[PDB]
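Chemist: Structure below; questions to follow.
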Amino acid sequence: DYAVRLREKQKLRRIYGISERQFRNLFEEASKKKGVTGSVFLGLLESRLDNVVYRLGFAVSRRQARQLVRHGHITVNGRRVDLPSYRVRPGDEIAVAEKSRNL
Amino acid sequence: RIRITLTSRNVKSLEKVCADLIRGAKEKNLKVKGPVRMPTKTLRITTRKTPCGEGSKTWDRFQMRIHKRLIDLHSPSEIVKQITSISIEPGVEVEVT
Amino acid sequence: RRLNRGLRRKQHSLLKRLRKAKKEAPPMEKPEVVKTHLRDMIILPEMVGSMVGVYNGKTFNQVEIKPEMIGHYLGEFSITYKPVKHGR
Amino acid sequence: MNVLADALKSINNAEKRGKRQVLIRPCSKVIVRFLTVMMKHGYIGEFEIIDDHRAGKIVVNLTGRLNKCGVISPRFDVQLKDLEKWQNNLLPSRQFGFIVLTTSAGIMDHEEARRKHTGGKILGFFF
Amino acid sequence: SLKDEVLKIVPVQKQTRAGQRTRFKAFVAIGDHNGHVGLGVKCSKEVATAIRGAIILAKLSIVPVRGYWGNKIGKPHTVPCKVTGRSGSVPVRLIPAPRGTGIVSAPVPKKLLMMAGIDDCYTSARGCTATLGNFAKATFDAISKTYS
Amino acid sequence: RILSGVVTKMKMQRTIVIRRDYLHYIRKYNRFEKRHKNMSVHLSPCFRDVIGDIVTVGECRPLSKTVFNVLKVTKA
Amino acid sequence: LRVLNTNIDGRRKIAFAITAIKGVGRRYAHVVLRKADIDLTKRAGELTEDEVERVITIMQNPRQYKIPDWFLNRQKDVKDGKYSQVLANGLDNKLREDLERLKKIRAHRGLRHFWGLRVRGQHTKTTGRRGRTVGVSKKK
Amino acid sequence: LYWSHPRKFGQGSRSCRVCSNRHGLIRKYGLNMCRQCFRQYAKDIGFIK
Amino acid sequence: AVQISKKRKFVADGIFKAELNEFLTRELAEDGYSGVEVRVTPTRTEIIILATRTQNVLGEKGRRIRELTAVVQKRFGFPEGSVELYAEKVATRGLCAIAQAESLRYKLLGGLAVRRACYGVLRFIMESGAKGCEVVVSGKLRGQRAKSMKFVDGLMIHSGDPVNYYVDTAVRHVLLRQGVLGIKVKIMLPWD
């Protein structure tokens, strides 16, 4: 049963390509908040900047998305953000760097 | 005046064969002496199982019952014609004198 | 060697013949050479003084039998195998 | 044993056996009050006081409604807010059963006490 | 259809003057995960034969567990109430729990509970004997007692 | 402040024993526990108004080294 | 009666008594009596002085030790003679003296005689077998 | 001749064919090392008990 | 062996039949050697080897069978005995113990699960007729500590008691790195 639970964690985590430490802390946060933890946890992971960039199609894969954000290719509401961990909130506009647009 | 000595390991093979030898010969000439059973010799053979042998006690034991039959024929070559023509059992060895 | 019991001597022509040779005359005359096959025989004092010829595989060799030699088996004086000793 | 505990034990068992009725010998006012609560709750049918010219007797009509019931000892006092802890210990099944508590207002179910904002002492449980 | 989980298989021996005679025991749980569960324990000279016999035996005994139904109490991945059953020296305690809890129990009650289709419960083995066989019987006995 | 206690000893300048009674703090425990202390209340100057009476003691400028003054008897 | 050496048979049938002489045994005993014309059945004491003479004369003069026997072959049967005794003195002294003489001293021939191994000097590897046979090799 | 045990002469000491011991040579077998070698592998060369 | 007796040379024919069997048992083993019948006349032997795998006997385009007859003639009939030869196939090897042992042996040589190999083989010989069957592998199964695996179906255990049950018997050896495994196989045919 443990193996089952363990693998499931590993799977969900590996998709996001997030470390155990960060993965765990997010989990704890999701668990703290009101609302079903399972959904909320997914919501927070989905809120990662790198993920959103990935979701937008700016990047082919999540890893590539991470690199893009790291390189400063991505912007949030104008100011550029380098943190793949950055938490996008509703209403934020996530665009490609003007400079980077001709990459 | 020909004596037929039929011998065989298997009784049935002989009974069959000897019977033919009588019936055929019955026509060509005399009636024949009539198949006679004759006593059966029993052979006990102990032979080394392996060719090395040489006293090696590997000699397995085998016994062969050898059955016999007389049905002596006393009469002419036509009778002989009947024999050469038809043959059957391989189980039986025929001795014609 | 291994004596066993009764150091054997082939009666053969040899033992019987030997005593008779001594008896043949008063202790004196002995037949010159007595060819024998009995390589196996054990030398006995009677034999001493005589000259039995022993067979190699090949031939018969004259062996004067002495009192010192008594006990040695006949033959043993007659070597079968030729050693290979040649010039250099 | 104490009268209330005794009454609750008998009812519990007779209920278990499947008996239609039970007679509870000591018939204290407290017992009757306790019974009324169980009745309102649908745990038991009709019951009546029989005058023996002694303690009295209670004839209780068993419904087959009760899974189990008993006295809670000691009768712990409870605040208006304090009930939840007790429901966990006394009612093994969530969403089932009631706690019968005695308040200055009178004997009643915990649920009524709570609506009332009254604390009290816990007499028994039924589920 | 039914899924079969192999709870455990043991080698079990029996000493005799002649020598030890081994046989095999297998515990098998079979369940729909729709509230249908079956436990079977069958022994045989051969392991496979035992396991097969076990599954067949399990299907033979099924208990209705849990369900989502309208205008009634739903029992969504959990059990209607808390119960404790003592079989032999072994007690077993089952308590209902909210979603997300998972099945917290040792093996034995877990395997039974999972095949039961129960997703969230808090359990506790207790009493004198840890004995899995006795514990399993107790869990089964407990599951039976439950009513909605 | 104001205290209530029992007059333990009439013989001498008077004294009152103030007692506190409390239920044990943790439940499953109902030990009724008593605690007490003695204050030398000047029972009174010479009224000798107050053994066995349960009086109230009030804080006062010091009447005596030991003492609080006896405010009034709750009950004999 | 002292028929031979310091030999004295007695109180028994003569044919049996004659056996007592180291030189003679029933084969010889029967012969001497037959040639003697004396009834064997007669007890030695019973014998007649004349008979004692005839017997004594033939036994003494006609016998001694004869040609030595070869190893047992188809020939004369063997007379027993486990240990030395007095026969016609010639037998005992002659055979014993010769074999003993060499034998008494260290002489190899003497040893061979003790051993019963060939005296001639033949190998004992091969023939000269008359005696114990060959043993078997043991597991190595 | 061959049958005659004595040999006027023989060219080569030979050795047995199988192994090579010089003594125990038999012209027939060629097992010079020994007759023993021949005896062991009776099967090897057609010969009868 | 069917032949008319002969008081004079029973010795010769019986040794000869035995001598022929000797080669046939060794040289033809990987074939399913299931029986060698022999018949005789004056200076002519029939000999038929029954085999599951005829082609193994014959050889490619019938080369080996030719070797057999010639080599066999050397054993006896120095003057033209002109011993014949034949090869009939045995219908269904599942019935032949000898073959069955080989099947199991082969698998274990390969490294198959012995337990499985036993069960399947006991199944197949049972599947094609047979009153009963049994297989026993010994040696060190799976290269673990030594034991013997069983498996049986139908009459077998009981059938051993009846004499003239006519149970086909076979054995195969098995070369492994680990060591040999004997395989024995019993097939219960009708009592007759």
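Every number in this text was worked out from the coordinates using simple rules, so none of it is lab data. Because the Cβ atoms are built from the backbone with ideal geometry, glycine has one as well, and the counts that use them run over all protein chains shown.
Chemist: Any idea what angle helix G:26-36 forms with the longest principal axis of chain G, computed on alpha-carbon atoms, 0 to 90 degrees, nearest 10?
Modeler: Taking the Cα atoms of chain G, the angle to G:26-36 is about 30 degrees.
Chemist: In whole angstrom, how long is each semi-axis of the equivalent ellipsoid of chain C, when you take the square root of 5 times every eigenvalue of its Cα gyration tensor and sort them from largest down? Please list the in-between numbers first.
Modeler: On the way: eigenvalues 121, 54, 27 Å².
Values for chain C, descending: 25, 16, 12 Å.
Chemist: Between their Cα atoms, which of B:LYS16/B:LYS81; E:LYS137/I:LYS147; C:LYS30/G:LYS66; B:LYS33/B:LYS81; B:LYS16/I:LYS186 are more than 26 Å away from each other? All intermediate terms of the calculation are to be shown ahead of the outcome.
Modeler: Working: B:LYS16/B:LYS81 19 Å; E:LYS137/I:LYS147 36 Å; C:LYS30/G:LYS66 23 Å; B:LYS33/B:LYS81 18 Å; B:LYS16/I:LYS186 36 Å.
Among B:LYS16/B:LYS81; E:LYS137/I:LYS147; C:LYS30/G:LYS66; B:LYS33/B:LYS81; B:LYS16/I:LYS186, the Cα-Cα distance tops 26 Å for E:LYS137/I:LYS147; B:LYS16/I:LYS186.
Chemist: Determine, for I:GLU27, D:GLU15, D:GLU84, the number of other Cβ atoms within 10 Å of each Cβ, and report the residues in order from fewest to most. Walk me through the numbers before you get to the answer.
Modeler: Values: I:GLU27 17, D:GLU15 21, D:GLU84 10.
Ranking I:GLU27, D:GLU15, D:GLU84 by Cβ neighbours within 10 Å, fewest first, gives D:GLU84, I:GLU27, D:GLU15.
Chemist: Next question. Determine the calculated [θ] at 222 nm for chain D from helices alone, applying -39500 (n - 2.57) to every DSSP H run no shorter than 4 residues and normalising by the residue count; nearest 500 deg cm²/dmol. Walk me through the intermediate numbers first.
Modeler: Details: 4 runs with 43 residues, N = 127.
For chain D, the value works out to -10000 deg cm²/dmol.
Chemist: Per DSSP helix of 4 or more residues, -39500 (n - 2.57); summed, then divided by the residues of chain I. What does that give at 222 nm, rounded to the nearest 500?
Modeler: On the way: 5 runs with 64 residues, N = 192.
After summing the helix terms and dividing by the residues of chain I, the value is -10500 deg cm²/dmol.
Chemist: A further question follows. Antiparallel versus total DSSP beta bridges in the protein assembly as shown: what percent is that, nearest 5?
Modeler: Details: 124 of 135 bridges.
Restricted to the protein assembly as shown, the bridges split so that about 90 percent are antiparallel.
Chemist: Any idea what the relative contact order of chain D is, in percent, if you count C-alpha pairs under 8 Å spaced at least 6 apart? Kindly include the intermediate steps, with their values, before the conclusion.
Modeler: Details: 234 pairs, mean separation 32.4, N = 127.
Taking the mean separation of contacting Cα pairs over the length of chain D, I get 25 percent.
Chemist: How far is helix B:11-28 tilted off the main Cα axis of chain B, in degrees rounded to 10, range 0 to 90?
Modeler: Compared with the principal axis, the helix lies near 20 degrees.
Chemist: Which of the residue pairs C:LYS16/G:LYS82; E:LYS14/E:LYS59; E:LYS3/E:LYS25; E:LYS8/I:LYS150; D:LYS9/D:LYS81; F:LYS37/F:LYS72 have a Cα-Cα distance greater than 26 Å in the structure shown? Before the final figure, lay out each step's value.
Modeler: Numbers: C:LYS16/G:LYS82 23 Å; E:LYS14/E:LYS59 28 Å; E:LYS3/E:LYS25 19 Å; E:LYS8/I:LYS150 24 Å; D:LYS9/D:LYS81 29 Å; F:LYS37/F:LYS72 19 Å.
Checking Cα-Cα distances, E:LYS14/E:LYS59; D:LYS9/D:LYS81 exceed 26 Å.
Chemist: Separate question: Restrict the search to region G:1-80; then list the trypsin sites (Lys or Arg not before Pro) that DSSP places in a loop and that have at most 10 other Cβ atoms within 10 Å of their Cβ. If you can, show how the numbers build up before the last one.
Modeler: Numbers: sites: G:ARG2, G:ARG11, G:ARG12, G:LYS13, G:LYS22, G:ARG26, G:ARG27, G:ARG34, G:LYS35, G:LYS42, G:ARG43, G:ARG54, G:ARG63, G:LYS66, G:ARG74, G:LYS76, G:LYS79; in loops: G:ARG2, G:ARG11, G:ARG12, G:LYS22, G:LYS42, G:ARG63, G:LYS66, G:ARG74, G:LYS76, G:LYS79.
Of the trypsin sites (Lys or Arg not before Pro), the ones in loops of region G:1-80 whose Cβ has at most 10 other Cβ atoms within 10 Å are G:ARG11, G:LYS66, G:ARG74.
Chemist: With charges only on Cβ, +1 for K and R and -1 for D and E, what is the dipole size of chain B about its Cα centre, in debye, rounded to 20? Before the final figure, lay out the partial values.
Modeler: Numbers: 21 positive and 10 negative charges, 79 e Å.
Once rounded to the nearest 20, the dipole reads 380 debye.
Chemist: Right, here's the next one. Between helix G:89-104 and chain G, what is the angle of the helix's C-alpha long axis to the longest principal axis, kept within 0 to 90° and rounded to the nearest 10?
Modeler: With both axes taken from Cα atoms, the answer is about 20 degrees.
Chemist: Among A:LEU83, C:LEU74, which comes first, second and so on when ranked by fewest other beta-carbon atoms within 10 Å? Don't jump to the answer; show the numbers that get you there.
Modeler: On the way: A:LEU83 13, C:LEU74 31.
The most exposed by this proxy come first: A:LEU83, C:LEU74.
Chemist: Follow-up question, since we're still on this one. Arranged by the count of other C-beta atoms within 10 angstrom, fewest first, what order do I:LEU95, H:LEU31 take? Provide the component values of the computation, followed by the final result.
Modeler: Working: I:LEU95 20, H:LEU31 25.
Lowest to highest Cβ neighbour count: I:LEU95, H:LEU31.
Chemist: Something else now. Kindly provide the helix-only [θ] at 222 nm of chain A, computed as the sum of -39,500 (n - 2.57) over DSSP H runs of four or more divided by all residues, to the nearest 500 deg cm²/dmol?
Modeler: Values: 5 runs with 56 residues, N = 103.
Helix-only estimate at 222 nm: -16500 deg cm²/dmol.
Chemist: Could you calculate the FRET efficiency of A:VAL60 with A:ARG5 from 1/(1 + (r/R0)^6), where r is the beta carbon distance between them and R0 is 25 Å, rounded to 0.05? Each step should come with its number before you reach the end.
Modeler: Values: r = 31 Å, r/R0 = 1.26.
Step by step, r from the Cβ atoms, then E = 0.20.
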